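One chain is shown next in structure tokens, namely the form deposited in one PDB entry.
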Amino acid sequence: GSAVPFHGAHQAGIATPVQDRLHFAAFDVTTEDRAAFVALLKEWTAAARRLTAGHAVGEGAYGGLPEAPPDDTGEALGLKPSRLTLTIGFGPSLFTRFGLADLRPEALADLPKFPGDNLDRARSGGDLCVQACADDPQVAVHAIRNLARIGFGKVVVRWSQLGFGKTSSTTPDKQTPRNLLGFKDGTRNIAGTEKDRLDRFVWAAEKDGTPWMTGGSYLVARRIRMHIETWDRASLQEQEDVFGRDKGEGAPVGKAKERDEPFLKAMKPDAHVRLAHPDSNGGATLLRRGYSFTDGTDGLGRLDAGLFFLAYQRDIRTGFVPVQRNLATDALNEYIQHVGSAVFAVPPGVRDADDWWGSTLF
């Protein structure tokens, strides 16, 4: 229930241990006033300092002027910080505004069209995003709600996604969670303690070409539907063949333990792990940080289930793009469909109480 420090060279919510719940929102900007937008970022940063410490925004949730609406909407009163992190990102479409065209990072690449894509344009893109992660879903919603409230008239929510449970791990010492296909998901990821691997694969560096992004990262979000009727009638051997690990232990095929190293030549040529492994992609490595979702029924008598896939990397051109290109023959494709997509540049951390979100860009 403890707090995650908000200040740092990097934003929390990336290398941070993966919290239980996600409320992810993408925002479109509705003002053309750069000064008004900078004021918003500063106001949002101040609110984030309160929210991530478990305090109410502004002057609080009650005890103010009776005839005024309260500063904070109040539904998190008496709750712990619950490991809340708030991570902000800037979308490519943002750089068409406030004269930022020449500051768009080269590493903020538009994604190509991939085979099988069925992207809903309404639930894709966005000028900016806020990823709210916490162990208490009420804490995460409260944070999104109050940020949106503070930004009224300057930003509007384009789309949002709740994740009811994590399907990722940045802490290999703790149990690996399972996704809705029933397999452990997160075994060979980057751990928050592997400082050298994060510098190598996750954090943007000064020499990479965009100085304001130094210490930031790049985020790919993909909303992925799972064909669970199709999956649930597949045999056990089929399911394990698709991945190359067994279902129970999550060990690489042939081996005894989850964390034994995969021997790829023992997996089928189209097994997901074989195709996604860094060794199959010239070393490309990702920090996966996704969550499961379910949005009611599909109107056809079945549950609607999916995975909200999130990957952080140092350069989208060298991370998600080559790996996803290599998944064109993935056996898993028979069971999933990508239906939403967005990329963001995640700026560096808020250094101290005088700093603010996006200060190095603006």
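In this text, residue numbers run from 1 along the sequence as written. If you superpose the two forms and keep the largest set of C-alpha atoms that fall within 1.5 Å, you have the rigid core. Shifts are known only where both forms have a C-alpha.
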Higher of the two mean Cα B-factors (104-112, 156-164; per PDB record) comes from 104-112
For 83-91 versus 197-205, entry-based mean Cα B-factors point to 197-205
Among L300, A26, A311, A331, highest Cα B-factor in the entry goes to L300
Residue set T52, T45, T31, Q337, per-entry CA B-factor max assigned to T31
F263: CA temperature factor from the record, placed by chain third, in the middle
Entry-reported C-alpha B-factor of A61 relative to its chain, by third, is highest
The third of the chain into which the C-alpha temperature factor of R223 falls is the lowest
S292: CA B-factor among chain residues, third -> lowest
Chain thirds by Cα B factor, record data; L147 belongs to the middle
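Although it is not shown, the form deposited in another entry is what the next lines describe.
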Superposing on the rigid core between the shown form and the other one, the only one of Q161, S292, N281, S168 with a Cα displacement of 2 Å or more is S168
The CA atoms of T167 and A134 move 3 Å or more in the other entry, ending up closer
Cα of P137 vs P172, shift of 3 Å or more in the other entry, relative to this form: the pair sits closer
Core-referenced diff between the shown form and the other one: runs of three or more consecutive residues, each Cα shifted 2 Å or more, sit at 164-173
